[PDB]
Every structure is written in C-alpha cells, then in structure tokens.
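Here's the structure we're looking at; comments come further down.
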Amino acid sequence: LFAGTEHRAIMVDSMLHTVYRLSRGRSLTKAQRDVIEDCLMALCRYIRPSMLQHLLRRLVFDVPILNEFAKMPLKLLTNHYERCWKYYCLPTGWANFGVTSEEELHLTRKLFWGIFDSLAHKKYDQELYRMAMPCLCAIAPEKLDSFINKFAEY
Amino acid sequence: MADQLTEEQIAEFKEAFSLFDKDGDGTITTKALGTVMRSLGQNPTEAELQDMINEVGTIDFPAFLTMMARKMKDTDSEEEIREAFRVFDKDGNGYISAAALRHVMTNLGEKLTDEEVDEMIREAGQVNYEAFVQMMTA
Amino acid sequence: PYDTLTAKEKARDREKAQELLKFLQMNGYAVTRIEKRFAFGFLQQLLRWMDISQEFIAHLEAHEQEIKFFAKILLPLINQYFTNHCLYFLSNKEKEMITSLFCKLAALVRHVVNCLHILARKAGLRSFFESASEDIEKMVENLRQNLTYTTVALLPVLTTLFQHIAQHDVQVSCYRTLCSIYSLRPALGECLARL
Amino acid sequence: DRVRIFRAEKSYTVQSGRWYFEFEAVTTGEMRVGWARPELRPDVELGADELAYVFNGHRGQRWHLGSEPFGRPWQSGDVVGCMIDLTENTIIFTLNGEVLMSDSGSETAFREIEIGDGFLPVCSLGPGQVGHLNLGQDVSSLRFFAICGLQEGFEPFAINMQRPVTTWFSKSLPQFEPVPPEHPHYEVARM
Amino acid sequence: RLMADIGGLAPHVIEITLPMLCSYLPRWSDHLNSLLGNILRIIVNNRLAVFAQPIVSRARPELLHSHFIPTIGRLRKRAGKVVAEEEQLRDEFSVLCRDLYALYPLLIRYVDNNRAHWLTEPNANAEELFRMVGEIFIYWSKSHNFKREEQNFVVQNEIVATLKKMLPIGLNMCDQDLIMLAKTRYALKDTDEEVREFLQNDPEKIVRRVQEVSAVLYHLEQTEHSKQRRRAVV
C-alpha cells in the first residue's frame with residue numbers, strides 16, 4: 001500500500017531515513033533487528049524507484065564499506081535492482097513511472113564505485129562471497145590575504 | 001510445555017544453578033545467571049539476557065528454568081523444519097511424486113485424510129519440494 | 001561526509017565556494033591548483049577486469065582474495081553482465097576492448113563449461129586471434145586433462161561456428177581445420193561446415 | 001498535418017460474430033490497421049488509448065494502450081488481413097495470407113479483449129501514405145480471403161450490404177465544440 | 001559431388017552425410033531439391049538427431065510428398081497394429097508404440113514445417129492424404145491409454161506436435177449440417193454415413209471425415225477442460 005505515495009512523498013522519504021537507522025541499532029536482539037530489516041525490505045519493494053533515491057544517497061555511502069551486517073542491505077539492493085533494472089538503465093524506462101533523471105544514474109555510478117571498493121575489500125569467505133555475488137552480478141601571501149579581505153568586503 | 005521442550009538437560013541445568021548459587025537458598029544474581037548460562041554452553045549475548053530476565057539478582061530456580069525454556073524454545077522450531085523436507089522419501093530433491101506424499105500422509109500419525117492431503121497439495125500437477133512444505137509449516 | 005555527498009547535496013554552498021573564487025579573481029589575487037561517460041568507463045572497467053583475469057591466469061599457471069573471487073564470483077559477475085549486455089556491446093572502442101578480452105579469454109582458459117558461453121560472447125587482438133586459430137588447428141591435428149580440454153574446445157568450436165553464422169591469418173587455420181574435419185559428434189562437423 | 005484517421009459509421013457497429021476486411025498497403029509509411037471502440041477521440045494518436053487494437057507495419061509493431069513489437073514489417077503492395085471473432089473473443093492479424101506471430105509465437109494479435117459496446121473497422125493514414133481499403137463489398141474482390149478465413153468460418157464485412165459502406169474521416173479543420181463537463185484539465189462553473 | 005555420394009549412400013555414414021548436407025545448405029536450387037529427395041528416401045528407409053537441423057525445405061518435391069504420404073500410411077499402419085495389440089487384451093505394446101512415435105513425431109513435424117506450401121494449393125489428392133493422416137493422428141490422440149505412454153515418451157525425449165500438425169491441415173481438410181450429422185454419429189458410434197436422408201433433409205467420405213473431426217473436437221474440448229494442526233503435522 002506504501003507504493004503510490006507520490007501525493008505525500010515527504011512521508012515515504014522520512015520513514016526511509018528512520019528504518020535504516022533503526023536497523024543498525026547498537027542494543028538489539030536477533031529477532032528485533034530481523035523484523036525491522038524485513039519491514040524495510042517490504043517497504044522498499046513497493047516504492048517508486050525515483051523517490052527511493054533520497055535514502056539511497058546514504059545507502060550508497062553505507063554499502064561500499066560493508067563493515068557490519070552488509071548482507072541484508074546487499075540482498076535488498078539486489079531486489080531493488082531486479083525490480084528497476086530496465087527502468088533505470090533503458091531510456092524508455094517503465095511505462096507507469098516517469099523516467100528517472102541523471103541523479104539515479106550517478107547514484108549507480110557511486111554504487112559501482114562501491115563495487116570497486118568491495119571487489120577486493122576483504123579476504124576469502126564462503127558465506128560472504130555466496131551472499132554477495134548476486135549484488136555484483138545484478139549491479140548492471142599578504143596580497144592573497146588582501147584578496148581574502150576583498151572577498152570579505154564583497 | 002516445559003516437559004515437552006527438554007528432558008535430559010534438566011540435570012545439567014540443576015547442577016549449573018546449584019554451583020552458581022553459593023548461599024544455596026536457590027537465588028542467583030543476574031550476572032551469576034549469565035555466568036551459569038555461559039558455563040552451560042549457550043554463551044548468549046547479554047542484550048537478550050537482560051530482556052529475558054526482565055520478562056521472567058533475585059532469580060530463583062523456577063524462574064531460571066522458565067527463562068531457559070523461553071530461550072531454548074526458539075532453536076527447536078528452526079531445527080524441526082529441516083528434517084521434514086527429506087522425511088517424506090529418500091528422493092528428497094524434487095519430492096513431487098504421489099508415492100512420497102502417500103507415504104508421508106497415510107503414515108503421518110495424526111490420521112491426515114486424503115481430502116486433507118489434497119488441501120495441503122493445493123495450499124501453496126507439479127508442486128516443489130519446499131513450496132508446499134513451507135505453506136504447511138507456516 | 002560532504003565529499004561523499006553529491007554535487008546536488010553541495011547545492012548552493014558549492015556554488016558559493018565557486019563564487020568566492022570569482023571574488024578572488026575580482027580582487028586580482030586568486031588561488032588556482034557523465035552517464036554516457038559512466039557507460040563507457042564501465043566497459044573500460046571490463047577491460048581492466050580482462051587485464052586482471054590475464055594476471056590471475058598467469059599466477060594460476062605458476063587462496064588470496066584475488067584468486068578467491070576469480071574462482072568464485074568473477075565468472076558469474078561477468079556472466080550476468082554479458083547476459084544483460086549481450087547486444088549492448090555489439091550495439092567502437094568498447095567493441096575493441098571486448099574483442100581483446102575475448103581473445104585473451106581463450107589463453108586464460110588454456111593457462112567451467114558455462115564459461116564457454118562467456119567466451120563465445122587492434123594488433124594485439126589480431127595476434128591473439130591468430131594464435132587461437134593456430135592452437136585450434138594444433139588440437140584438431142592432435143585429435144586426428146587433454147580429453148577435457150579437447151571437449152571444451154569442441155564446444156567452443158561450436159560456439160565460434162554459431163557466432164560466425166550469426167555474422168553472415170585465421171582463414172588458413174580455419175581451412176586446415178575444415179580439411180581435417182572432412183578427413184576425420186557429427187553435429188560439430190556440420191556446424192563447422194556451415195560456418 | 002495530423003494523422004488522418006478513417007473509420008466506418010457508428011451504425012455499422014458489430015457486436016457478435018467473426019468479420020474480416022483486407023487493406024492494401026500501396027505505399028509504405030506510418031499506417032495502422034485494426035478494430036476500435038465506437039467512441040474514438042479523433043485527437044489522440046491511434047493506439048494510445050484503450051479504444052483501438054491495431055498493428056503498425058512500418059515498424060512491425062502492434063499497438064493497444066502502448067506499443068508491442070509483435071508482427072513482421074510489411075512491404076509496398078502487401079495485403080494486410082484483419083481477423084476477429086467476437087464469439088471466440090480473439091483477434092488475429094494476417095499479411096498476404098501469412099498469419100502473424102508475436103514474440104511467443106501465438107497467432108492471436110490480441111487476447112482477453114472484452115466485446116464491450118462493439119467494434120468497427122479503423123485505419124490511420126500517415127503523411128505521405130496512400131492505401132486502398134476494401135471492406136469486402138464483393139466476395140470475389142478480396143485477394144486473400146480464400147487462402148485464410150474462408151475455411152475458418154470468417155465472413156467479409158460488407159457481405160450482404162447493397163450500397164457502399166459510409167466511413168467517417170477526421171477533418172483537420174478546427175471547429176468550436178462545447179466544454180466537456182468532465183474535461184481532465186479545464187473546468188468551468190456558472191456563477 | 002557430395003550430393004552423389006549422399007544419394008549413393010542409401011550408422012556413421014548417415015552422421016558423416018549430415019555434415020555434408022549442412023555444408024550444402026550454407027553454400028547454397030536443383031542440388032537442394034536432390035538433397036531433399038535423398039533425405040526423404042533415407043528417412044523412408046529408416047534417432048531424433050537425424051531430423052535435427054532440417055534447414056533444407058523442398059518447395060516442389062512432388063515425389064517426396066507422395067513418399068511421405070506412403071510414409072504417413074506406414075506409420076498409421078504401425079500405430080494401428082500397436083493399438084490393436086494393446087486392445088486385444090501387456091504394456092510392451094504401448095512402450096513399443098511410444099518408442100516408434102518418438103521418431104515418427106519428428107517426421108510429422110518435418111512435414112508440417114513445409115506443409116504451408118501444399119496448403120497454398122486449394123484442392124488435390126494431397127488433401128485426402130492429409131485427411132487420412134489426421135484420422136490416424138486422431139486415432140492416436142483419442143486413445144488415452146496410448147497417450148499415457150506417448151506423453152511419457154515426449155517428456156523423456158523433450159502442446160502436441162501431432163495435434164498441431166492436424167490443426168494446420170484442418171483448413172485443407174475442409175453444408176454446415178454435416179457438423180450436426182457428425183455429432184449424431186459420435187453419439188451413436190456409426191462409422192459409416194448410413195444416414196443419408198438426414199443430409200437430404202464422395203460426400204459420404206466427407207461425412208465420415210466430419211465425424212472423425214467431431215471426435216477430435218470432443219477430445220480437444222476435453223483437453224481444454226490447518227494452522228491449528230500445523231504443529232502436530234510438522
């Protein structure tokens with residue numbers, strides 16, 4: 001039901017900021033964070049891809065580090081890419097939603113920067129590689145002081 | 001309930017709780033309870049331990065067993081589902097044969113009806129090995 | 001962090017900083033030190049990955065993270081790519097880079113069966129293609145871990161024949177291989193004759 | 001100027017049975033052939049709305065609420081067939097006696113199309129495009145009706161009509177028309 | 001040349017000749033027609049890979065069409081013999097019929113690939129041959145006992161080729177009261193067109209074919225047609 005929130009896009013953007021922050025709480029239990037992550041994935045599935053970019057701005061900073069619990073965000077990103085690959089890549093996009101601008105394009109460029117970062121970030125790990133390969137696969141002078149005074153004067 | 005969760009571990013739990021309580025009156029501190037849990041082998045994080053203690057310094061043997069049962073109930077649910085996939089027949093992979101379903105149902109022990117078998121098949125002719133079992137597991 | 005933040009995130013403040021430089025110019029004292037570009041650089045990264053794969057093959061001819069994803073994810077990563085961008089490469093600098101990568105792929109494999117499809121789809125590239133044709137002729141002569149390599153090449157031979165059919169120094173080697181096939185799994189021979 | 005859409009009179013609306021006509025694509029161009037709902041807005045580009053079902057032969061595409069790449073491009077002097085069975089709720093497109101196929105290879109051009117108010121022949125002529133439209137007034141006039149459709153039970157559109165069927169074209173000349181009460185963009189209130 | 005050797009070769013020889021046929025197809029006429037005739041003769045004399053890659057299509061073979069009609073008749077005779085053996089009184093006959101139809105469907109598909117050119121011609125004795133072939137295919141299809149093995153063989157070999165071939169020949173096979181007469185015959189199970197006054201109120205063979213088509217249409221219509229205890233069962 002969250003999808004179609006274009007009339008009040010502010011609410012969708014706000015919840016997106018809060019859910020990801022709450023997912024990485026310092027004091028948490030396994031089920032408590034698991035249900036929050038499932039809620040975030042379900043909300044992100046049925047959303048407009050263009051409106052997700054505001055939270056994706058922080059998501060594309062968090063993803064390349066992959067320091068803690070990156071597997072669930074990696075799977076969520078894989079799902080979002082599988083949902084909107086033809087929308088974000090092809091010039092026509094998808095019919096109902098308007099074609100995304102270059103903002104999402106450079107966001108995907110930063111995502112591929114993260115792909116560089118995580119390609120050789122850590123050593124071998126069976127679970128890590130097994131659960132991280134779908135995201136990589138589905139990614140596609142005094143005078144100067146006087147000038148300063150002049151700037152201040154301006 | 002409590003008897004149906006675990007039976008053999010009661011001796012180890014009683015020995016650990018008796019060793020933890022120096023006074024012997026049956027009261028164990030929260031830090032002592034965590035130390036006893038670590039000595040048992042669970043080694044659970046203190047974040048869940050505090051919540052379990054609050055839900056259940058003055059922790060006694062019955063309260064300790066209630067908390068241990070609450071903590072240990074979760075793992076058996078995950079452990080039980082795995083065996084059911086291959087329990088139906090030797091050919092666990094792609095277990096869509098009617099013979100495997102008949103063996104699972106006619107000898108289930110709960111007297112599941114043939115109509116109940118059809119309902120389970122249609123619960124969601126080919127059905128994946130895990131697709132119908134996940135719907136049944138809920 | 002701002003550096004992490006995009007120019008749009010910088011917004012007016014970045015412009016204001018630019019304005020400050022302009023103000024310095026007015027003072028007379030001043031301090032002086034892509035979407036399609038992303039698409040082109042993405043094939044540039046494909047060429048870089050081809051070079052990395054050549055280095056990895058050379059090392060394997062003689063565990064680490066590099067070897068780890070070379071064994072595990074590099075082939076699936078490039079596979080999912082070339083599945084999504086099969087005709088994107090074909091429709092050029094990107095085409096030349098892809099051709100060089102494909103030419104070096106045969107040598108890297110020589111040093112999985114699914115990697116044959118990846119291998120299926122400029123002086124150095126031409127030399128590599130000529131060397132691959134000569135190696136194919138040598139394997140054909142040998143036929144007239146060796147068996148597995150021969151079978152993998154025969155499957156790659158069928159893939160190359162399919163590519164040549166789709167198209168419609170290596171010519172001499174192809175003629176020699178055709179003559180050997182005529183002199184000596186008949187579907188592979190039929191595909192070679194059609195190519 | 002704009003695409004000069006042609007359609008038959010509303011009185012000739014057919015709501016049951018299977019009917020067919022043949023259109024001669026003398027000159028290749030932006031041209032579409034098929035059926036449409038009785039209420040068709042002359043301004044909308046054909047196939048953008050849910051009113052019509054056609055096939056663009058210049059690009060080898062079929063159009064209904066959008067564009068689909070089904071069908072093969074035609075050539076000059078090619079006869080395009082029009083298949084529809086309201087009883088079977090199915091529509092097919094034919095080209096010089098060859099049944100067209102979609103990406104999946106299904107013969108049907110459009111499926112699960114409700115009968116609605118009815119359907120009538122419709123065709124659009126783009127700039128520089130000239131064709132000859134036959135509604136099957138004479139049975140022998142149809143070139144490819146015997147090859148396909150004759151054995152399938154389909155019938156020519158003007159099989160029994162004793163007079164030529166009147167068609168309605170769209171006049172590019174603008175004329176004043178009253179404001180629609182439910183106009184999507186502009187509304188007026190009498191104060 | 002190679003075509004002469006292929007014609008004179010009438011199973012490594014067949015496999016080797018298949019590469020020669022593929023080479024002739026990409027190189028290319030009269031030689032193509034001769035190769036198609038030789039392939040038809042080899043198929044009549046005699047393995048799904050043999051029918052694989054049928055690039056060459058005979059536009060006007062004439063003689064090969066007649067041979068395929070005799071080939072269709074031979075396949076129909078074999079299928080009818082298998083069906084009679086099965087209906088006499090075990091599963092070996094059905095298994096043999098399925099094995100034979102595994103290769104026969106390849107020939108049926110090969111015929112149906114170029115059947116469009118024959119369908120261009122309105123009337124011929126090929127129409128009667130196609131009617132007989134459709135009758136044989138309907139005899140196989142309506143036999144659900146034979147279908148129990150035919151579907152298994154098709155799945156193992158890897159929505160019916162015979163049904164699709166019969167459907168393309170439906171236009172070539174064809175008053176409207178013949179349909180009602182066919183329905184009455186199906187309800188009464190009368191093979192011959194005994195009720196001529198019904199039509200009055202050559203053509204007899206057409207009525208029998210209409211009855212067979214009505215049976216095929218009936219077959220096609222038939223083809224077209226707890227949480228509380230969850231813990232306990234788990």
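Quick note: the coordinates plus some simple rules give every number you see, no bench work behind them. Ideal geometry is used to build each Cβ from the backbone, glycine not excepted, and the neighbour counts take in all protein chains shown.
Having 2 or more residues that are among the aliphatic types (A, V, I, L, M) and surrounded by 17 or more Cβ atoms within 10 Å (Cβ to Cβ) is the bar; report the helices (runs of 4 or more DSSP H) wholly within the stretch A:36-154 that clear it.
Because the criterion is at least 2 residues that are among the aliphatic types (A, V, I, L, M) and surrounded by 17 or more Cβ atoms within 10 Å (Cβ to Cβ), the helices (runs of 4 or more DSSP H) in the stretch A:36-154 that meet it are A:53-65, A:71-89, A:102-119, A:126-137.
Could you please give the count of residues in the stretch E:44-88 that are among the acidic types (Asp, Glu), surrounded by 15 or more Cβ atoms within 10 Å (Cβ to Cβ) and closer than 15 Å to E:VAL111 by Cα?
0
How many residues are of a type outside the set (S, T, N, Q), assigned to a helix (DSSP H, G or I) and buried (at least 17 other Cβ atoms within 10 Å of the Cβ) if we restrict to the stretch C:24-37? Explain how you work it out, then say what you get.
The first filter runs over the stretch C:24-37 and keeps only residues of a type outside the set (S, T, N, Q), leaving C:24, C:26, C:28-31, C:33-37.
Imposing the further condition that a residue be assigned to a helix (DSSP H, G or I) reduces the set to C:24, C:26, C:35-37.
Narrowing further to those that are buried (at least 17 other Cβ atoms within 10 Å of the Cβ): C:24.
Residues in the stretch C:24-37 being of a type outside the set (S, T, N, Q), assigned to a helix (DSSP H, G or I) and buried (at least 17 other Cβ atoms within 10 Å of the Cβ): 1 in total.
Can you pull out the residues in the stretch C:66-93 that are outside any helix (DSSP H, G or I) and not β-branched (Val, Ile, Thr)?
C:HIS85, C:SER91, C:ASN92
Across the stretch D:86-142, what is the total count of residues that are loosely packed, with under 12 Cβ neighbours inside 10 Å, closer than 25 Å to D:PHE169 by Cα and touching a strand residue (DSSP E or B) at 6+ places or on another chain (Cβ under 7 Å)?
Of the residues in the stretch D:86-142, 1 are loosely packed, with under 12 Cβ neighbours inside 10 Å, closer than 25 Å to D:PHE169 by Cα and touching a strand residue (DSSP E or B) at 6+ places or on another chain (Cβ under 7 Å).
Of the residues B:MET68, B:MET52, which is surrounded by 14 or more Cβ atoms within 10 Å (Cβ to Cβ) and within 14 Å of chain A (Cβ to nearest Cβ)? Full working, then the answer.
Details: B:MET68 fails: within 14 Å of chain A (Cβ to nearest Cβ).
Within the list B:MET68, B:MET52, the selection yields B:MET52.
Within the stretch B:30-42, can you find the residues that are within 15 Å of B:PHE13 (Cα to Cα), of a type outside the set (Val, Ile, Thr) and away from chain A (no Cβ under 14 Å)?
Initial filter on the stretch B:30-42 (within 15 Å of B:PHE13 (Cα to Cα)): B:32-42.
In the following step, the residues that additionally are of a type outside the set (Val, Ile, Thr) were identified as B:32-34, B:37-42.
Within the stretch B:30-42, B:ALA32, B:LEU33, B:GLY34, B:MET37, B:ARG38, B:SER39, B:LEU40, B:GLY41 qualify.
Of E:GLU149, E:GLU135, E:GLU127, which residue is within 14 Å of chain D (Cβ to nearest Cβ), in a helix (DSSP H, G or I) and of a type outside the set (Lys, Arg)?
E:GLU127
Inspect the stretch A:136-147 for any residue being within 13 Å of chain C (Cβ to nearest Cβ) and within 25 Å of A:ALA9 (Cα to Cα) and give the result as yes or no.
No; the residues of the stretch A:136-147 include none that is within 13 Å of chain C (Cβ to nearest Cβ) and within 25 Å of A:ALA9 (Cα to Cα).
If we keep just the residues of the stretch C:142-170 that are β-branched (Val, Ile, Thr) and away from chain E (no Cβ under 12 Å), which is nearest to C:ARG126 (Cα to Cα)?
Per the criteria, the residue is C:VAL170.
Being under 30 Å from B:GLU115 (Cα atoms), surrounded by 12 or more Cβ atoms within 10 Å (Cβ to Cβ), in contact with a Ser or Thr (Cβ under 9 Å, 6 or more places away or on another chain) and of a type in the set (D, E, K, R) narrows it down to one of E:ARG208, E:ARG230, so name that one.
E:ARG230
If you go through the stretch E:191-234 one residue at a time, how many are more than 18 Å from E:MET173 (Cβ to Cβ), in contact with a helix residue (DSSP H, G or I) (Cβ under 8 Å, 6 or more places away or on another chain) and charged (D, E, K, R)?
Of the residues in the stretch E:191-234, 3 are more than 18 Å from E:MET173 (Cβ to Cβ), in contact with a helix residue (DSSP H, G or I) (Cβ under 8 Å, 6 or more places away or on another chain) and charged (D, E, K, R).
Tell me yes or no: at least one residue of the stretch B:53-76 is in contact with a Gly (Cβ under 6 Å, 6 or more places away or on another chain), charged (D, E, K, R) and outside any helix (DSSP H, G or I).
Yes, the stretch B:53-76 contains at least one residue that is in contact with a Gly (Cβ under 6 Å, 6 or more places away or on another chain), charged (D, E, K, R) and outside any helix (DSSP H, G or I).
Which of the following residues is away from chain A (no Cβ under 14 Å), assigned to a helix (DSSP H, G or I), among the acidic types (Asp, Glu) and under 30 Å from A:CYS84 (Cα atoms): C:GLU96, C:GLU137, C:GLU130?
After ruling out the rest, the residue left standing is C:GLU96.
Here are some conditions: (1) outside any helix (DSSP H, G or I); (2) under 13 Å from E:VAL234 (Cβ atoms). B:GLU123 meets all but one. Which one does it not meet?
If we test B:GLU123 against (1) outside any helix (DSSP H, G or I); (2) under 13 Å from E:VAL234 (Cβ atoms), just (2) comes out false.
Kindly indicate the residue of the stretch A:80-116 that is at the interface with another protein chain (Cβ under 9 Å from one of its Cβ atoms) and among the hydrophobic types (A, V, I, L, M, F, W, C) and also farthest from A:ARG57 (Cα to Cα) among those meeting that condition.
A:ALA95
Do the conditions hold for B:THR27, that is, is it more than 14 Å from every other protein chain (Cβ to nearest Cβ), surrounded by 12 or more Cβ atoms within 10 Å (Cβ to Cβ), more than 26 Å from A:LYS30 (Cα to Cα) and β-branched (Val, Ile, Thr)? Spell out the reasoning first.
Details: more than 14 Å from every other protein chain (Cβ to nearest Cβ): yes; surrounded by 12 or more Cβ atoms within 10 Å (Cβ to Cβ): yes; more than 26 Å from A:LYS30 (Cα to Cα): yes; β-branched (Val, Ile, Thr): yes.
Yes.
Considering only the stretch C:96-137, state which residues are over 22 Å from C:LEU77 (Cβ atoms) and surrounded by 18 or more Cβ atoms within 10 Å (Cβ to Cβ).
C:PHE128, C:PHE129, C:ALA132, C:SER133, C:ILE136, C:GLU137 - these are the residues of the stretch C:96-137 that are over 22 Å from C:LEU77 (Cβ atoms) and surrounded by 18 or more Cβ atoms within 10 Å (Cβ to Cβ).
Might you let me know whether the stretch A:117-132 holds any residue that is of a type outside the set (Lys, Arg), facing chain C (nearest Cβ under 9 Å), farther than 30 Å from C:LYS16 by Cα and touching a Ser or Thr at 6+ places or on another chain (Cβ under 9 Å)?
Looking through the stretch A:117-132, at least one residue is of a type outside the set (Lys, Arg), facing chain C (nearest Cβ under 9 Å), farther than 30 Å from C:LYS16 by Cα and touching a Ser or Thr at 6+ places or on another chain (Cβ under 9 Å).
Condition test on A:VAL63, is it closer than 30 Å to D:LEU65 by Cβ and more than 10 Å from chain C (Cβ to nearest Cβ)?
no
Of the residues C:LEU60, C:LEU116, C:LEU47, C:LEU108, which is more than 11 Å from chain A (Cβ to nearest Cβ), in contact with a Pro (Cβ under 6 Å, 6 or more places away or on another chain) and assigned to a helix (DSSP H, G or I)?
C:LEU116
Output the residue which, of all residues in the stretch A:18-35 that are surrounded by 13 or more Cβ atoms within 10 Å (Cβ to Cβ) and farther than 14 Å from A:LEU76 by Cβ, is nearest to the other protein chains (Cβ to nearest Cβ). Show your work before the answer.
Filtering the stretch A:18-35 down to residues surrounded by 13 or more Cβ atoms within 10 Å (Cβ to Cβ) leaves A:19-20, A:22-24, A:28-29, A:32-34.
Then drop every residue that is not farther than 14 Å from A:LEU76 by Cβ, which leaves A:22, A:28-29, A:32.
Numbers: A:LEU22: 15, A:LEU28: 7, A:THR29: 5, A:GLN32: 9 Å.
Step by step, filter the stretch A:18-35, then rank; the result is A:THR29.
Within the stretch B:13-24, count every residue that is closer than 18 Å to B:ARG70 by Cβ and surrounded by 17 or more Cβ atoms within 10 Å (Cβ to Cβ).
Qualifying residue count, the stretch B:13-24: 3.
Kindly indicate the residue of the stretch C:171-185 that is facing chain E (nearest Cβ under 10 Å) and crowded, with 16+ Cβ neighbours inside 10 Å and also farthest from E:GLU15 (Cα to Cα) among those meeting that condition.
Per the stated criteria, the residue is C:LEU178.
In the stretch C:6-18, what residues are facing chain A (nearest Cβ under 9 Å) and either surrounded by 14 or more Cβ atoms within 10 Å (Cβ to Cβ) or hydroxyl-bearing (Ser, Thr, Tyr) (or both)?
Within the stretch C:6-18, C:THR6 is the sole residue that qualifies.
Tell me which residues, restricted to the stretch E:7-24, are surrounded by fewer than 21 Cβ atoms within 10 Å (Cβ to Cβ) and facing another protein chain (nearest Cβ under 7 Å). Explain how you work it out, then say what you get.
If we filter the stretch E:7-24 for residues that are surrounded by fewer than 21 Cβ atoms within 10 Å (Cβ to Cβ), which is where we start, we get E:7-16, E:23.
Listed by number, the residues that qualify are E:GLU15, E:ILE16, E:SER23.
Out of all the residues in the stretch C:77-86, is one or more surrounded by 13 or more Cβ atoms within 10 Å (Cβ to Cβ), within 22 Å of C:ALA39 (Cβ to Cβ) and either within 10 Å of the chain's Cα centre (by Cα) or more than 14 Å from every other protein chain (Cβ to nearest Cβ) (or both)?
Kept after step one, since they are surrounded by 13 or more Cβ atoms within 10 Å (Cβ to Cβ), are these residues of the stretch C:77-86: C:77-85.
Subsequent filtering for residues that are within 22 Å of C:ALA39 (Cβ to Cβ) retains C:77-85.
Filter once more, so that each one left must be either within 10 Å of the chain's Cα centre (by Cα) or more than 14 Å from every other protein chain (Cβ to nearest Cβ) (or both): C:78, C:82.
Yes, the stretch C:77-86 contains at least one residue that is surrounded by 13 or more Cβ atoms within 10 Å (Cβ to Cβ), within 22 Å of C:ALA39 (Cβ to Cβ) and either within 10 Å of the chain's Cα centre (by Cα) or more than 14 Å from every other protein chain (Cβ to nearest Cβ) (or both).
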